[PDB]
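Take a look at this single chain, the form deposited in one PDB entry, given in structure tokens.
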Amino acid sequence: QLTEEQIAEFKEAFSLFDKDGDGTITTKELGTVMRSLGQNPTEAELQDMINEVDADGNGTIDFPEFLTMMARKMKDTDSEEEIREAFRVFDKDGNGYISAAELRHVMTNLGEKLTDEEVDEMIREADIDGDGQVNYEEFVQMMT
């Protein structure tokens, strides 16, 4: 029931984790991504995160397993807690706005190179008051 747009988005996201393109996400790959976002997960945290998404016990995530995880996340309502934590991932300087520079930084660090025009468009998907940045209320509205 996923559309070609959605599948394309999920494949692009998968590619940011599966840097070697071997078709699976490993604990090492997940660790690299999370450290690029400014987190410092422990080895146990990474193992649990991979293993809770894995469906067949081989200790890695393939694209069908990732799709199952994403399709569920998209249907689900998001918690206040997880939205607040995610906002801080982008709002590096803690000023209560996600700027175009901060969003581009996060995308670059994940391995997705965007043009300024592409970053600005992603910001437009959330900005409401027209200042070209995303405050917390705008971020919450986007996620709800």
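One-based numbering along the sequence shown.
Tell me which stretch, 55-63 or 40-48, has the higher mean Cα B-factor listed in the entry.
On average, C-alpha B-factors are higher across 40-48.
Residue stretch of maximal mean CA temperature factor, 1-9 vs 134-142:
1-9 has the higher mean C-alpha B-factor.
Report the option among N95, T32, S79, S99 whose CA atom has the maximum B-factor in the deposited record.
The C-alpha B-factor peaks, among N95, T32, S79, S99, at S79.
Which third of the chain holds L103 when residues are ordered by C-alpha B factor: lowest, middle or highest?
Lowest third, going by the recorded CA B-factors of the chain.
Chain thirds of CA B-factor: placement of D91:
Lowest third.
Pull the Cα B-factor of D116 out of the PDB entry and bin it into the chain's lowest, middle or highest third.
Ranked within chain, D116 CA B lands in the middle tercile.
By its CA B factor, does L16 count among the lowest, middle or highest third of the modelled residues in the chain?
Its C-alpha B-factor, which the entry lists for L16, ranks in the highest third among residues of this chain.
Beyond what is shown, the protein has a form deposited in another entry; the following relates to that form.
Selected hinge residue, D120, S99, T108, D78 [rigid parts, motion between this form and the one not shown]
Evaluating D120, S99, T108, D78 against the hinge definition gives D78.
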